[PDB]
Amino acid sequence: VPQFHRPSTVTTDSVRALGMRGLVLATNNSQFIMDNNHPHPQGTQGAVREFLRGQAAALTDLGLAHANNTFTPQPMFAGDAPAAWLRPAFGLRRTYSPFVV
Amino acid sequence: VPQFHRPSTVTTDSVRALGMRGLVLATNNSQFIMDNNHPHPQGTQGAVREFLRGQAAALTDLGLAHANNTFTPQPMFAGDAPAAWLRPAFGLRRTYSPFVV
Amino acid sequence: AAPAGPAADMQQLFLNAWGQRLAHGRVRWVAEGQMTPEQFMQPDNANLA
Amino acid sequence: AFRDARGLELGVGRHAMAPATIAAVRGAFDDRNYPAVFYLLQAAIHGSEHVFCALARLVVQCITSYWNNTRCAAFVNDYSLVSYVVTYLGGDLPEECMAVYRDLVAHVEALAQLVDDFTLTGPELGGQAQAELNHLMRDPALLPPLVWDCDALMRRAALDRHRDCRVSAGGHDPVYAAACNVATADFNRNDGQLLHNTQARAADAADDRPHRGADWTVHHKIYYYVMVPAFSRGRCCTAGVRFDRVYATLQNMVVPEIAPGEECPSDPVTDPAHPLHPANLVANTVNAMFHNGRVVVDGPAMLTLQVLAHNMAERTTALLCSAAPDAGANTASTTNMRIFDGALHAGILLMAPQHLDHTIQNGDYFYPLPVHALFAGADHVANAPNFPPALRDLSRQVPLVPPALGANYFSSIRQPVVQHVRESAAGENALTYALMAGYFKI
Amino acid sequence: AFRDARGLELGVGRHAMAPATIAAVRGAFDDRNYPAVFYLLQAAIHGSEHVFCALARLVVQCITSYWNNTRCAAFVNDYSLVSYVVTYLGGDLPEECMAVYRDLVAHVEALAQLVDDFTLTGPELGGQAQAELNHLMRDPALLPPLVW
Amino acid sequence: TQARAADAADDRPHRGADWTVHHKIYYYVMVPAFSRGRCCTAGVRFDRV
């Protein structure tokens, strides 16, 4: 479990194991005073790189919580189709409302 | 059962025995790599001719699945009527909504 | 030219053989489109005769 | 500045196209999302009577859907498809929708009477009508650029032998078939063979005679050579149509089964039993294609597409032809020359350049063909594949017509009719008379 | 005023932008509550086809709500975003909103023909051809000031 | 800024040649004509986006 006033604590698996609903509330309940006794080993800029790796890993975890509610997304452009020498390739402009009752 | 990465496999009876709901999903689940070890005996252009013969044969099979829901279609133009020497020939412009409860 | 083969490759055989012919000198009839009706009467152009 | 003042000479109260029906046409030449379904339907209905009288439920609900998304007129480039709606689709399009379609038809028959006011009452001269030998649009020496028939071709060969009337349709003489079916597909045959599919019904099927009136070809020659270049300002061209995939991508049908106690769906958002709902939008299908253009189509109207199984079409062929000069102009110092007019049997004119789409590849359906110098798109030709890069500044100034479809000096209409269209400012009512003021023979 | 009379010199009906599409654009450059969401998308689409055709619903609901709260045209500062909402998002916006964005693309393509009507046709000079050396926008020596 | 992931290269420009011509027209002519010079360009901090 990470503590966001300590830069050398943020990892991917600390962010990803925390839920997206929990990720927001953890950062909003942190401490104002930043500790400088132990920095991140890749620098403070490396911790920002480390932090965004956990969000995109949790949004894909968030999308799998809605797999019983959305559809299988079709490809968007031409040129990506298995049977191409007899029928050509379309692509659905994703303008509809994917929702499953 | 046809395999759409093999050109010498597509016939009419392979396409027609597969359902129209199944015809779409078969081609969308085929393989990207086209095999060239055995071409169609009428050429690759003859396989395209062979493939469209199965679709029109399956749409007529699709229309017979809706015979309990549509009406008997009337002729569209004049000159096609059995009793012509006493009453003339009309033709229904097919603009209505054929549907059976 | 006489129409040979299918019409699909009809444009491709055009641009592949005429590509070095289109850039020698001026085209006559397109050059008349940017002519003042007093310039056309001047001896500037070589399309008087 | 001189032809436009001459064009005002016929605008002294013959017919005026209303301004509410101008902008509904200009938009259809400007939509970069003009839905490409309509391009497939022009390759599908393809000029026929029988196909159009079954697909009425689609075409109404394609127009009325397009009427509520852009407010433009549909099917504009085909006079055959304009004239069939004005004869058949009377009380299903709304009141306001029909007002545009008459002013594209009743304007044309006002253009045809421009001939009938400036021609004297004379007898025939070379076996031809007196009204032909004054104005160009009455001559069968020309051809309409998009012919789904042989109607202009039947009447041309009936001229006398003093005018050489031969048509070299791809090196072979044109042989006129009867019909095309599932078992007579042969999508790459190279005979001089053209279709006569467009008929009123099946039994009226002949090849020794043309099927339609003789004024009918004159209505097209007015529409494609006067009306269409008056709107597009020289930003349009013809194209050859790959029929191999159009009959495929219209028969990728996914039609859901209706339960025998339920009712017909009419909602493209709520219900799943509708063919534009995302649980029925399988990729590369027909239902995917209507959702591409936001065209609201009812359920069992999709089942009416089965007419395409009976009336097929072969291909698009080039059409060169020779023509000796007029019967009232054949001096012995003029016998040694000809006039060559270009045409495409079974082609489709493109309106707006859709090369910036990435959902459909370039060389899929419509290879472009600049038949006539009026029809040569600056962005249409220079975006076809395998275009050599040393011409992109050359393509901009000059048109790019090959001599396999007739060059400048051996055609009928030369270059500067093209440049008069771009460099005028008369408006969409005066150009359609001012062009007609230029098509008079010498 | 001398450049204005030269400016009116090209106005012999090549194209006139609609006056309804002026007050939908004069507003967009003057809204102090132009929401920063409309900026935050522009770094996220970043000119891409694949991101825009994935975000093809979120661009719609941002435009329609802004068209229904201030009635101004959105996403104006990026021409790459102009001709993507034009060329892809046709049948989602209202009819009236679509006419603004077409008058921002077809105006520019009418401005493109201003060069070509004024160049004599000639052979190439320095690896560039004749119409490029006349007007500044045809030279590759420039750059657009924002390039993705 | 590419169409699909299969068409990924660095040896060439991926769009038409007229595309960058329409940008230069848009930002040097259109945009200053509306804003009356009340606009500016910016660098975007992609960290907090």
# chains A, B, ... in the order shown; residues from 1 in each chain; ligands from 1
>>> select_by_dssp(residues="stretch 5-64 of chain B", states="helix (DSSP H, G or I)", output="JSON, numbers by chain")
{"B": [7, 8, 9, 12, 13, 14, 15, 16, 17, 20, 21, 22, 23, 24, 25, 26, 27, 44, 45, 46, 47, 48, 49, 50, 51, 52, 53, 54, 55, 56, 57, 58, 59, 60, 61, 62, 63, 64]}
>>> residues_around(residues="stretch 46-63 of chain B", least_positions_apart="3", cutoff="9 Å", atoms="only C-alpha atoms", output="PyMOL selection string")
(chain A and resi 85-86) or (chain B and resi 7-20+23+40-43+66-67) or (chain D and resi 182-183+185-187+244+247-248+251-253+255+303+306+308-309)
>>> residues_around(residues="residue F:16", least_positions_apart="3", cutoff="12 Å", atoms="only C-alpha atoms", output="PyMOL selection string")
(chain D and resi 355-356+379+382-384+387+389+392) or (chain F and resi 12-13+19-22)
>>> write_last_selection(atoms="N, CA and C atoms", output="mmCIF file, in the first residue's frame")
data_model
loop_
_atom_site.group_PDB
_atom_site.id
_atom_site.type_symbol
_atom_site.label_atom_id
_atom_site.label_comp_id
_atom_site.auth_asym_id
_atom_site.auth_seq_id
_atom_site.Cartn_x
_atom_site.Cartn_y
_atom_site.Cartn_z
ATOM 1 N N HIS D 355 -11.325 10.984 -50.659
ATOM 2 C CA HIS D 355 -10.023 10.359 -50.513
ATOM 3 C C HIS D 355 -9.456 10.541 -49.117
ATOM 4 N N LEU D 356 -10.136 11.296 -48.264
ATOM 5 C CA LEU D 356 -9.689 11.516 -46.900
ATOM 6 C C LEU D 356 -10.357 10.575 -45.914
ATOM 7 N N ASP D 379 -8.664 16.541 -57.361
ATOM 8 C CA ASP D 379 -8.336 15.628 -56.279
ATOM 9 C C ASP D 379 -8.770 14.199 -56.557
ATOM 10 N N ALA D 382 -5.730 12.572 -58.990
ATOM 11 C CA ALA D 382 -4.449 12.610 -58.299
ATOM 12 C C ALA D 382 -4.476 11.935 -56.929
ATOM 13 N N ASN D 383 -5.490 11.122 -56.632
ATOM 14 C CA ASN D 383 -5.515 10.340 -55.406
ATOM 15 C C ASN D 383 -5.841 8.877 -55.668
ATOM 16 N N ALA D 384 -5.958 8.478 -56.930
ATOM 17 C CA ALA D 384 -5.995 7.068 -57.261
ATOM 18 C C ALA D 384 -4.624 6.450 -56.988
ATOM 19 N N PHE D 387 -0.241 6.623 -58.459
ATOM 20 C CA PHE D 387 -0.111 7.897 -59.146
ATOM 21 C C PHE D 387 1.334 8.370 -59.058
ATOM 22 N N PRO D 389 4.525 10.668 -58.677
ATOM 23 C CA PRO D 389 4.591 11.913 -57.900
ATOM 24 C C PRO D 389 5.055 13.118 -58.691
ATOM 25 N N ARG D 392 1.858 15.993 -59.575
ATOM 26 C CA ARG D 392 0.893 16.572 -58.644
ATOM 27 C C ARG D 392 0.768 18.078 -58.817
ATOM 28 N N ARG F 12 8.694 8.268 -45.052
ATOM 29 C CA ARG F 12 7.819 8.996 -45.960
ATOM 30 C C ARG F 12 6.831 9.801 -45.133
ATOM 31 N N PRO F 13 6.218 10.832 -45.716
ATOM 32 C CA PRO F 13 5.082 11.474 -45.048
ATOM 33 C C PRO F 13 3.798 10.681 -45.234
ATOM 34 N N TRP F 19 -2.260 18.501 -47.851
ATOM 35 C CA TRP F 19 -2.728 18.582 -46.470
ATOM 36 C C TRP F 19 -2.022 19.689 -45.702
ATOM 37 N N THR F 20 -0.694 19.725 -45.777
ATOM 38 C CA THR F 20 0.067 20.792 -45.146
ATOM 39 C C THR F 20 -0.105 22.135 -45.838
ATOM 40 N N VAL F 21 -0.601 22.158 -47.076
ATOM 41 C CA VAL F 21 -0.914 23.435 -47.703
ATOM 42 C C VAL F 21 -2.159 24.034 -47.069
ATOM 43 N N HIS F 22 -3.128 23.191 -46.711
ATOM 44 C CA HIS F 22 -4.342 23.708 -46.095
ATOM 45 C C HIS F 22 -4.101 24.183 -44.667
#
>>> interface_residues(of="chain F", to="chain D", cutoff="9 Å", atoms="only C-alpha atoms", output="MDAnalysis selection string")
chainID F and resid 3:4 16:17
>>> residues_around(residues="stretch 262-267 of chain D", least_positions_apart="3", cutoff="8 Å", atoms="only C-alpha atoms", output="PyMOL selection string")
(chain B and resi 99+101) or (chain D and resi 258-259+270-271+273-274+298-299)
>>> write_last_selection(atoms="N, CA and C atoms", output="PDB file, in the first residue's frame")
ATOM      1  N   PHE B  99     -46.132  -6.932 -43.192  1.00  0.00           N
ATOM      2  CA  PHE B  99     -45.854  -7.548 -41.903  1.00  0.00           C
ATOM      3  C   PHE B  99     -47.108  -8.269 -41.440  1.00  0.00           C
ATOM      4  N   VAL B 101     -48.927 -10.200 -38.127  1.00  0.00           N
ATOM      5  CA  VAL B 101     -48.934 -10.481 -36.704  1.00  0.00           C
ATOM      6  C   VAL B 101     -49.151 -11.972 -36.463  1.00  0.00           C
TER       7      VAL B 101
ATOM      8  N   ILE D 258     -37.681 -12.108 -36.446  1.00  0.00           N
ATOM      9  CA  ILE D 258     -38.718 -11.460 -35.655  1.00  0.00           C
ATOM     10  C   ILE D 258     -39.526 -12.547 -34.962  1.00  0.00           C
ATOM     11  N   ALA D 259     -39.744 -12.384 -33.657  1.00  0.00           N
ATOM     12  CA  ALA D 259     -40.544 -13.339 -32.906  1.00  0.00           C
ATOM     13  C   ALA D 259     -41.997 -13.291 -33.372  1.00  0.00           C
ATOM     14  N   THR D 270     -32.952   1.814 -29.142  1.00  0.00           N
ATOM     15  CA  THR D 270     -33.413   1.059 -27.984  1.00  0.00           C
ATOM     16  C   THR D 270     -33.411  -0.446 -28.238  1.00  0.00           C
ATOM     17  N   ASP D 271     -34.184  -0.900 -29.225  1.00  0.00           N
ATOM     18  CA  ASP D 271     -34.468  -2.319 -29.361  1.00  0.00           C
ATOM     19  C   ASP D 271     -33.305  -3.073 -30.000  1.00  0.00           C
ATOM     20  N   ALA D 273     -33.825  -5.887 -31.783  1.00  0.00           N
ATOM     21  CA  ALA D 273     -34.346  -6.607 -32.937  1.00  0.00           C
ATOM     22  C   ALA D 273     -34.235  -5.820 -34.234  1.00  0.00           C
ATOM     23  N   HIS D 274     -33.548  -4.690 -34.225  1.00  0.00           N
ATOM     24  CA  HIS D 274     -33.371  -3.766 -35.329  1.00  0.00           C
ATOM     25  C   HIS D 274     -32.018  -3.982 -35.996  1.00  0.00           C
ATOM     26  N   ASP D 298     -35.792   0.661 -42.128  1.00  0.00           N
ATOM     27  CA  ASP D 298     -36.672  -0.261 -41.423  1.00  0.00           C
ATOM     28  C   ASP D 298     -36.208  -1.709 -41.588  1.00  0.00           C
ATOM     29  N   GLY D 299     -36.822  -2.586 -40.797  1.00  0.00           N
ATOM     30  CA  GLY D 299     -36.438  -3.977 -40.714  1.00  0.00           C
ATOM     31  C   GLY D 299     -36.668  -4.795 -41.973  1.00  0.00           C
TER      32      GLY D 299
END
>>> interface_residues(of="chain F", to="chain A", cutoff="12 Å", atoms="only C-alpha atoms", output="list in words")
residues 2, 3, 4, 5, 6, 7, 46, 47, 48 and 49 of chain F
>>> write_last_selection(atoms="N, CA and C atoms", output="PDB file, in the first residue's frame")
ATOM      1  N   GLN F   2      -1.419   8.104 -37.748  1.00  0.00           N
ATOM      2  CA  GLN F   2      -1.502   7.123 -38.816  1.00  0.00           C
ATOM      3  C   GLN F   2      -2.907   6.550 -38.886  1.00  0.00           C
ATOM      4  N   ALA F   3      -3.192   5.885 -40.003  1.00  0.00           N
ATOM      5  CA  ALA F   3      -4.505   5.283 -40.191  1.00  0.00           C
ATOM      6  C   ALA F   3      -4.655   4.024 -39.349  1.00  0.00           C
ATOM      7  N   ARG F   4      -3.837   3.013 -39.621  1.00  0.00           N
ATOM      8  CA  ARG F   4      -3.874   1.780 -38.853  1.00  0.00           C
ATOM      9  C   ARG F   4      -2.454   1.337 -38.545  1.00  0.00           C
ATOM     10  N   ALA F   5      -2.342   0.418 -37.582  1.00  0.00           N
ATOM     11  CA  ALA F   5      -1.047   0.027 -37.039  1.00  0.00           C
ATOM     12  C   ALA F   5      -0.202  -0.762 -38.028  1.00  0.00           C
ATOM     13  N   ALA F   6      -0.818  -1.347 -39.056  1.00  0.00           N
ATOM     14  CA  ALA F   6      -0.041  -2.047 -40.070  1.00  0.00           C
ATOM     15  C   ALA F   6       0.712  -1.075 -40.967  1.00  0.00           C
ATOM     16  N   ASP F   7       0.163   0.119 -41.184  1.00  0.00           N
ATOM     17  CA  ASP F   7       0.811   1.129 -42.016  1.00  0.00           C
ATOM     18  C   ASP F   7       1.608   2.054 -41.103  1.00  0.00           C
ATOM     19  N   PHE F  46       2.567  17.715 -20.876  1.00  0.00           N
ATOM     20  CA  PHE F  46       1.899  16.428 -21.056  1.00  0.00           C
ATOM     21  C   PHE F  46       1.880  15.577 -19.795  1.00  0.00           C
ATOM     22  N   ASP F  47       2.618  15.970 -18.754  1.00  0.00           N
ATOM     23  CA  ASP F  47       2.618  15.228 -17.498  1.00  0.00           C
ATOM     24  C   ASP F  47       1.246  15.261 -16.842  1.00  0.00           C
ATOM     25  N   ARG F  48       0.704  16.457 -16.650  1.00  0.00           N
ATOM     26  CA  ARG F  48      -0.544  16.636 -15.935  1.00  0.00           C
ATOM     27  C   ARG F  48      -1.760  16.554 -16.847  1.00  0.00           C
ATOM     28  N   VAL F  49      -1.588  16.111 -18.087  1.00  0.00           N
ATOM     29  CA  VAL F  49      -2.725  15.924 -18.976  1.00  0.00           C
ATOM     30  C   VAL F  49      -3.210  14.491 -18.863  1.00  0.00           C
TER      31      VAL F  49
END
>>> residues_around(residues="residue F:1", least_positions_apart="3", cutoff="9 Å", atoms="only C-alpha atoms", output="list in words")
residues 46, 47, 48, 49, 50, 51 and 148 of chain E; 14 of chain F
>>> closest_atom_pairs(of="chain E", to="chain D", cutoff="12 Å", atoms="only C-alpha atoms", output="tab-separated table")
residue	atom	partner	partner_atom	distance
E:10	CA	D:423	CA	11.8
E:11	CA	D:425	CA	10.3
E:12	CA	D:425	CA	6.9
E:13	CA	D:425	CA	5.9
E:14	CA	D:425	CA	7.7
E:15	CA	D:425	CA	10.2
E:48	CA	D:358	CA	11.9
E:49	CA	D:358	CA	8.4
E:50	CA	D:358	CA	10.0
E:52	CA	D:358	CA	11.9
E:53	CA	D:359	CA	9.9
E:80	CA	D:356	CA	11.9
E:83	CA	D:356	CA	9.2
E:84	CA	D:356	CA	9.1
E:85	CA	D:33	CA	10.4
E:86	CA	D:32	CA	7.3
E:87	CA	D:32	CA	5.6
E:88	CA	D:33	CA	6.8
E:89	CA	D:33	CA	8.0
E:90	CA	D:33	CA	5.9
E:91	CA	D:294	CA	5.5
E:92	CA	D:294	CA	8.0
E:93	CA	D:69	CA	8.1
E:94	CA	D:69	CA	7.0
E:95	CA	D:70	CA	5.3
E:96	CA	D:70	CA	8.3
E:97	CA	D:70	CA	9.8
E:98	CA	D:70	CA	7.6
E:99	CA	D:70	CA	8.5
E:101	CA	D:31	CA	11.2
E:102	CA	D:31	CA	8.2
E:103	CA	D:30	CA	10.3
E:105	CA	D:32	CA	10.1
E:106	CA	D:30	CA	8.0
E:107	CA	D:30	CA	11.4
E:109	CA	D:379	CA	11.1
E:110	CA	D:235	CA	11.5
E:112	CA	D:396	CA	10.9
E:113	CA	D:396	CA	9.5
E:114	CA	D:423	CA	11.8
E:115	CA	D:397	CA	10.7
E:116	CA	D:397	CA	7.1
E:117	CA	D:397	CA	8.5
E:118	CA	D:397	CA	10.6
E:119	CA	D:397	CA	9.0
E:120	CA	D:397	CA	9.4
E:121	CA	D:397	CA	7.6
E:122	CA	D:394	CA	9.5
E:123	CA	D:394	CA	9.6
E:124	CA	D:393	CA	9.8
E:127	CA	D:390	CA	10.6
E:128	CA	D:393	CA	9.3
E:129	CA	D:393	CA	6.9
E:130	CA	D:393	CA	8.3
E:131	CA	D:393	CA	7.6
E:132	CA	D:393	CA	8.4
E:133	CA	D:393	CA	11.7
E:138	CA	D:393	CA	10.5
>>> closest_atom_pairs(of="chain D", to="chain C", cutoff="7 Å", atoms="only C-alpha atoms", output="Markdown table")
| residue | atom | partner | partner_atom | distance |
| --- | --- | --- | --- | --- |
| D:170 | CA | C:3 | CA | 4.7 |
| D:171 | CA | C:3 | CA | 5.9 |
| D:317 | CA | C:7 | CA | 6.2 |
| D:318 | CA | C:7 | CA | 6.2 |
| D:367 | CA | C:8 | CA | 6.8 |
| D:398 | CA | C:30 | CA | 6.6 |
| D:402 | CA | C:14 | CA | 6.5 |
| D:403 | CA | C:1 | CA | 5.1 |
| D:404 | CA | C:1 | CA | 4.9 |
| D:415 | CA | C:29 | CA | 7.0 |
| D:419 | CA | C:33 | CA | 6.9 |
>>> write_last_selection(atoms="N, CA and C atoms", output="mmCIF file, in the first residue's frame")
data_model
loop_
_atom_site.group_PDB
_atom_site.id
_atom_site.type_symbol
_atom_site.label_atom_id
_atom_site.label_comp_id
_atom_site.auth_asym_id
_atom_site.auth_seq_id
_atom_site.Cartn_x
_atom_site.Cartn_y
_atom_site.Cartn_z
ATOM 1 N N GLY D 170 -13.855 -1.024 -76.795
ATOM 2 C CA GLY D 170 -12.741 -1.856 -76.377
ATOM 3 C C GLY D 170 -12.206 -2.742 -77.478
ATOM 4 N N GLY D 171 -12.050 -2.201 -78.684
ATOM 5 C CA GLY D 171 -11.514 -2.948 -79.798
ATOM 6 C C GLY D 171 -12.485 -3.879 -80.484
ATOM 7 N N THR D 317 -17.438 -0.442 -69.399
ATOM 8 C CA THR D 317 -16.597 -0.488 -70.582
ATOM 9 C C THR D 317 -16.368 0.915 -71.118
ATOM 10 N N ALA D 318 -15.216 1.110 -71.744
ATOM 11 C CA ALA D 318 -14.961 2.354 -72.444
ATOM 12 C C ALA D 318 -15.727 2.374 -73.757
ATOM 13 N N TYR D 367 -12.652 3.008 -59.530
ATOM 14 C CA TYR D 367 -11.504 3.593 -60.188
ATOM 15 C C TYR D 367 -11.971 4.781 -61.023
ATOM 16 N N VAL D 398 -4.040 21.432 -65.584
ATOM 17 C CA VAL D 398 -4.608 20.846 -66.794
ATOM 18 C C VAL D 398 -5.519 19.697 -66.381
ATOM 19 N N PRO D 402 -7.206 10.764 -70.905
ATOM 20 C CA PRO D 402 -6.406 9.961 -71.830
ATOM 21 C C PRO D 402 -7.033 9.941 -73.211
ATOM 22 N N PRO D 403 -6.240 9.721 -74.263
ATOM 23 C CA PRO D 403 -6.800 9.564 -75.607
ATOM 24 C C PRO D 403 -7.429 8.207 -75.873
ATOM 25 N N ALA D 404 -7.534 7.347 -74.864
ATOM 26 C CA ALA D 404 -8.426 6.204 -74.944
ATOM 27 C C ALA D 404 -9.879 6.589 -74.705
ATOM 28 N N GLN D 415 -11.560 22.379 -74.874
ATOM 29 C CA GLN D 415 -11.157 22.896 -73.567
ATOM 30 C C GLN D 415 -12.034 24.029 -73.032
ATOM 31 N N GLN D 419 -13.179 26.150 -68.707
ATOM 32 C CA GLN D 419 -12.725 27.379 -68.075
ATOM 33 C C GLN D 419 -13.796 28.449 -68.003
#
>>> interface_residues(of="chain A", to="chain D", cutoff="7 Å", atoms="only C-alpha atoms", output="list in words")
residues 74, 76, 77, 78, 87, 89, 90, 91, 92, 93, 96 and 98 of chain A
>>> write_last_selection(atoms="C-alpha atoms", output="PDB file, in the first residue's frame")
ATOM      1  CA  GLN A  74     -15.127  -4.087 -34.086  1.00  0.00           C
ATOM      2  CA  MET A  76     -12.365   0.903 -37.226  1.00  0.00           C
ATOM      3  CA  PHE A  77     -10.545   0.982 -40.550  1.00  0.00           C
ATOM      4  CA  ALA A  78     -10.137  -0.924 -43.785  1.00  0.00           C
ATOM      5  CA  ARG A  87     -15.154  -9.128 -49.848  1.00  0.00           C
ATOM      6  CA  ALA A  89     -12.925  -4.297 -45.462  1.00  0.00           C
ATOM      7  CA  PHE A  90     -15.240  -1.752 -43.843  1.00  0.00           C
ATOM      8  CA  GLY A  91     -14.891  -0.146 -40.462  1.00  0.00           C
ATOM      9  CA  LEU A  92     -17.536   0.917 -37.971  1.00  0.00           C
ATOM     10  CA  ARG A  93     -17.278   4.530 -36.973  1.00  0.00           C
ATOM     11  CA  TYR A  96     -23.411   4.031 -31.448  1.00  0.00           C
ATOM     12  CA  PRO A  98     -22.583   0.108 -26.587  1.00  0.00           C
TER      13      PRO A  98
END
>>> atom_distance(atom1="atom CA of residue D:91", atom2="atom CA of residue D:103")
17.1 Å
>>> residues_around(residues="residue F:32", least_positions_apart="6", cutoff="12 Å", atoms="only C-alpha atoms", output="ChimeraX atom specification")
/E:26,29,77 /F:25-26,38-40
>>> interface_residues(of="chain E", to="chain A", cutoff="7 Å", atoms="only C-alpha atoms", output="MDAnalysis selection string")
chainID E and resid 53:54 56:57
>>> atom_distance(atom1="atom CA of residue E:100", atom2="atom CA of residue E:20")
8.0 Å
>>> select_by_dssp(residues="stretch 122-309 of chain D", states="strand (DSSP E)", output="list in words")
residues 146, 147, 166, 167, 168, 175, 176, 193, 194, 237, 238, 239, 240 and 241 of chain D
>>> write_last_selection(atoms="N, CA and C atoms", output="CSV table (one decimal), in the first residue's frame")
chain,number,residue,atom,x,y,z
D,146,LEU,N,-22.8,8.7,-69.3
D,146,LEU,CA,-23.2,7.5,-68.4
D,146,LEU,C,-24.4,6.9,-69.0
D,147,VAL,N,-24.3,5.8,-69.7
D,147,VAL,CA,-25.4,5.1,-70.4
D,147,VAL,C,-25.5,3.7,-69.8
D,166,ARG,N,-19.6,4.2,-86.2
D,166,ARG,CA,-19.1,3.0,-85.6
D,166,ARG,C,-18.7,3.3,-84.2
D,167,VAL,N,-18.8,2.3,-83.4
D,167,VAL,CA,-18.4,2.4,-81.9
D,167,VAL,C,-17.4,1.3,-81.6
D,168,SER,N,-16.2,1.6,-81.2
D,168,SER,CA,-15.2,0.7,-80.9
D,168,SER,C,-15.2,0.5,-79.3
D,175,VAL,N,-21.9,-6.0,-79.2
D,175,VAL,CA,-23.0,-7.0,-79.4
D,175,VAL,C,-23.9,-6.9,-78.2
D,176,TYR,N,-25.2,-6.9,-78.5
D,176,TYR,CA,-26.2,-6.5,-77.5
D,176,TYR,C,-26.9,-7.7,-77.0
D,193,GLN,N,-19.6,-6.7,-75.5
D,193,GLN,CA,-20.9,-7.1,-75.1
D,193,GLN,C,-21.4,-6.1,-74.1
D,194,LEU,N,-22.6,-5.5,-74.3
D,194,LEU,CA,-23.2,-4.6,-73.4
D,194,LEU,C,-24.6,-5.1,-73.1
D,237,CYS,N,-16.0,14.2,-61.6
D,237,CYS,CA,-15.6,13.3,-62.7
D,237,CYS,C,-16.3,12.0,-62.7
D,238,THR,N,-16.3,11.3,-63.8
D,238,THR,CA,-16.8,10.0,-63.8
D,238,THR,C,-15.9,8.9,-63.2
D,239,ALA,N,-16.4,7.7,-63.1
D,239,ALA,CA,-15.6,6.6,-62.6
D,239,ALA,C,-16.1,5.3,-63.1
D,240,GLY,N,-15.2,4.3,-63.1
D,240,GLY,CA,-15.6,3.0,-63.4
D,240,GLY,C,-15.8,2.2,-62.1
D,241,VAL,N,-16.7,1.3,-62.2
D,241,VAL,CA,-17.3,0.7,-60.9
D,241,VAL,C,-17.0,-0.8,-61.0
>>> interface_residues(of="chain B", to="chain A", cutoff="6 Å", atoms="only C-alpha atoms", output="PyMOL selection string")
chain B and resi 27+30-32
>>> decode(residues="stretch 22-29 of chain B", atoms="N, CA, C and O atoms", output="PDB file, in the first residue's frame")
ATOM      1  N   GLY B  22     -24.591 -17.925 -40.224  1.00  0.00           N
ATOM      2  CA  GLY B  22     -23.321 -18.612 -40.122  1.00  0.00           C
ATOM      3  C   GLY B  22     -22.350 -18.244 -41.221  1.00  0.00           C
ATOM      4  O   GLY B  22     -21.136 -18.349 -41.028  1.00  0.00           O
ATOM      5  N   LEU B  23     -22.872 -17.812 -42.375  1.00  0.00           N
ATOM      6  CA  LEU B  23     -22.021 -17.407 -43.492  1.00  0.00           C
ATOM      7  C   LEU B  23     -21.197 -16.179 -43.145  1.00  0.00           C
ATOM      8  O   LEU B  23     -20.024 -16.078 -43.527  1.00  0.00           O
ATOM      9  N   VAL B  24     -21.792 -15.250 -42.408  1.00  0.00           N
ATOM     10  CA  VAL B  24     -21.096 -14.029 -42.033  1.00  0.00           C
ATOM     11  C   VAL B  24     -19.985 -14.329 -41.033  1.00  0.00           C
ATOM     12  O   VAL B  24     -18.849 -13.851 -41.179  1.00  0.00           O
ATOM     13  N   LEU B  25     -20.283 -15.164 -40.035  1.00  0.00           N
ATOM     14  CA  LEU B  25     -19.322 -15.444 -38.981  1.00  0.00           C
ATOM     15  C   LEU B  25     -18.204 -16.371 -39.451  1.00  0.00           C
ATOM     16  O   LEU B  25     -17.138 -16.404 -38.841  1.00  0.00           O
ATOM     17  N   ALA B  26     -18.428 -17.152 -40.506  1.00  0.00           N
ATOM     18  CA  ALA B  26     -17.375 -18.021 -41.019  1.00  0.00           C
ATOM     19  C   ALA B  26     -16.277 -17.207 -41.674  1.00  0.00           C
ATOM     20  O   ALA B  26     -15.096 -17.446 -41.417  1.00  0.00           O
ATOM     21  N   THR B  27     -16.652 -16.239 -42.511  1.00  0.00           N
ATOM     22  CA  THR B  27     -15.675 -15.410 -43.200  1.00  0.00           C
ATOM     23  C   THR B  27     -14.960 -14.458 -42.254  1.00  0.00           C
ATOM     24  O   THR B  27     -13.802 -14.102 -42.501  1.00  0.00           O
ATOM     25  N   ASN B  28     -15.626 -14.027 -41.181  1.00  0.00           N
ATOM     26  CA  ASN B  28     -14.996 -13.131 -40.223  1.00  0.00           C
ATOM     27  C   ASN B  28     -14.083 -13.865 -39.252  1.00  0.00           C
ATOM     28  O   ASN B  28     -13.364 -13.220 -38.481  1.00  0.00           O
ATOM     29  N   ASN B  29     -14.105 -15.195 -39.264  1.00  0.00           N
ATOM     30  CA  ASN B  29     -13.251 -15.994 -38.400  1.00  0.00           C
ATOM     31  C   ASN B  29     -12.246 -16.820 -39.189  1.00  0.00           C
ATOM     32  O   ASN B  29     -11.764 -17.844 -38.700  1.00  0.00           O
TER      33      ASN B  29
END
